[PDB]
Structure formats: C-alpha cells, structure tokens
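Consider the single chain below, provided in structure tokens and representing the form deposited in one PDB entry.
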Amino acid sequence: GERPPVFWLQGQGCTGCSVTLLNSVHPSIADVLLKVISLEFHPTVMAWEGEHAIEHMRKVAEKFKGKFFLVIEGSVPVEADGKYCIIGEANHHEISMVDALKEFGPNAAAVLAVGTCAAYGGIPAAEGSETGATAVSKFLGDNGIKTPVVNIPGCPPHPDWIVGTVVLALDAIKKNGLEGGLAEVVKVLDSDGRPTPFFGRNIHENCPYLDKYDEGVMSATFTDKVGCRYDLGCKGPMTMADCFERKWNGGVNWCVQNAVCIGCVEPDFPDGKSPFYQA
C-alpha cells in the first residue's frame, strides 16, 4: 500500500513528543519514515526550510486534500490574537498556530493530537499561564471544524502509543477504506478521545506493588523499592495508561519503579495531579 502524507506542526510544545517517537523500537523510526508514512513537513528534521517548506506542505495539502494526516504537538494559544505561537512566515505574512490549524485542520483526513499539551492543554494551560493555551479538539470545535481528532496523550507519550495508534488506524483504513476505518478508530476511543488499547487499563489496578498498597506497606524514601510509592505521591490510582506492562525506553525502567507516577496522560495533568510528591 501507499505511505500517506503526514504534516507535523508544533504549537506550544517542548519537542518531547518528536524525541519519544525517535525512541520507537519495533518499528524503528527509520522504518516508520520509509515504510509506514511519508512525513512531508516536520520542522525539526526536514531538509527544506522557511517559506519553501510551507509552500511544499501547501502543495501536498492541495494535492491530497481530505487524504492527509495532521499531527499537532503542543497546545494552541488563542490570546493576543495567536501571537504567542507564530510558527512560520509566507508571502510576507506571519502564520500563527491559530491560522495554521484553521488552514489545514478542515482538510486533513484526521488529526492526531499527540501529547497531553495538544490533547488537553497540559502544562501551557496550567495555573499561572497567560496565553490561552487551548486543546486541539476544543480549538477545532470552537471554530466549527469537524475533522475527527484522536488524542494520544502522555508528557511525553510512549513511542508505542504513537506508532501503535497510527498503525491501527492505517490498518482500519486499508480494511474498510477511509471513511469506514476512521469510524472504526473513533469506536475505540474513550470519553477523553484516547485509544483504549493503550489507555484502557488503570495503573493502580495493575501495579506490581498493589500487594503492598493493600498491606499498608509504604516506602518512606524514594530509594526504598519494597513498599508502595503512594505516600511519596504516586498517582497510579487516578491514571489510565499501560506503562506498568510495556515500561519505558526499551523496557529498562518506568516511573513507578524509579520514583512515582505523576499521571502525565490524564486530562487534568499537571494541576490536578499536583503536588507530585505528596498523595
């Protein structure tokens, strides 16, 4: 089959969701780029630059109207008429993330909001912020764009969650065609827009220290790995993700083993999960 065209736009992101993708193990990132997708615009890694890069994205977008996938990393700031995130300049006119999402969002086959920033607002929308950081879905609904949106959250997401969502959706489309599969993709989303293969299970319900939680056996220093981390601030109890099983960075560790879960996949992250180091 064909590798669909993908455009990856960064709003108020830290580039963490591109880096975590580079850590994908099976398939590696190179297989993703050469065999799974055609990444036509990504400002961190692409060859061309500036106005030419934007005009290349717009020619592909015109060519493949309704058929291209848009990845959005980072949140969308709406205050100051979008001046808190300018992402480009073409034709002597600056382009805000507000502009870009209104340009490209209505013509994408689907939008993948990658990371908790994009999915839910996350740290840029947190108490103390001033920029109007808005989640992608809210922004699209707010300007009346109906393109389906998939949330792949995490700060950062696990690479397997990103790759995995893409492969599920591209197989659904191969199976059912494009309208058909995207309905099958939407069918597997929870009430927060997240795919249930990865965010369907609660951390706490599956933690290997659940025995100790129930025994009331609690570690009092981080370096004591026998007890449950609850008293140290573990937010497993309110967090739906599968890191307990697949773990992180080629399986060599994960947040509950090393320290605590800070609940980075959840819509209330970070404020509703803070303080991080008290229950």
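The term rigid core refers to the most C-alpha atoms you can superpose between the two forms while keeping them within 1.5 Å. When you see a residue number, it is the position in the sequence shown, counting from 1.
**Q** Taking the recorded C-alpha temperature factors, which stretch has the higher mean, 155 to 163 or 168 to 176?
**A** 168 to 176 has the higher mean C-alpha B-factor.
**Q** As stated in the PDB record, which stretch has the larger average Cα B-factor, 250 to 258 or 208 to 216?
**A** The stretch with the larger average C-alpha B-factor is 208 to 216.
**Q** Which one, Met240, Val60, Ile37, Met46, has the peak C-alpha temperature factor per the PDB entry?
**A** It is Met240.
**Q** Per the coordinate record, which of the options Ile54, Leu33, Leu70, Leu232 holds the highest CA temperature factor?
**A** Highest C-alpha B-factor among the listed options: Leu232.
**Q** Split into thirds by Cα B-factor across the chain's modelled residues, where does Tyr84 land: lowest, middle or highest?
**A** Its C-alpha B-factor, which the entry lists for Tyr84, ranks in the lowest third among residues of this chain.
**Q** Ordered by C-alpha B-factor within the chain, which third holds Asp99? Give me lowest, middle or highest, please.
**A** As the PDB entry reports it, the C-alpha B-factor of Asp99 lands in the middle third of its chain.
**Q** Which third of the chain does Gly105 land in by C-alpha B-factor: lowest, middle or highest?
**A** For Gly105, the deposited C-alpha B-factor lands in the lowest third.
**Q** Tell me, lowest, middle or highest third: where does the Cα B factor of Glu127 rank within its chain?
**A** Answer is lowest: the recorded C-alpha B-factor places it there.
**Q** Give the position of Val25 by CA B-factor within its chain, expressed as the lowest, middle or highest third.
**A** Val25: CA B-factor falls in the highest third of its chain.
Although it is not shown, the form deposited in another entry is what the next lines describe.
**Q** Once the rigid core is superposed, exactly one of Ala47, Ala220, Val226, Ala30 has its CA displaced by 2 Å or more between this form and the one not shown; which residue is that?
**A** Result of the superposition: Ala30 is the only one at 2 Å or more.
**Q** Relative to what we see here, could you say if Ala259 and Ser28 have their Cα atoms closer or farther apart in the other form, with a change of 3 Å or more?
**A** It is farther: in the other form, the C-alpha atoms of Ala259 and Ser28 lie at least 3 Å more apart than they do here.
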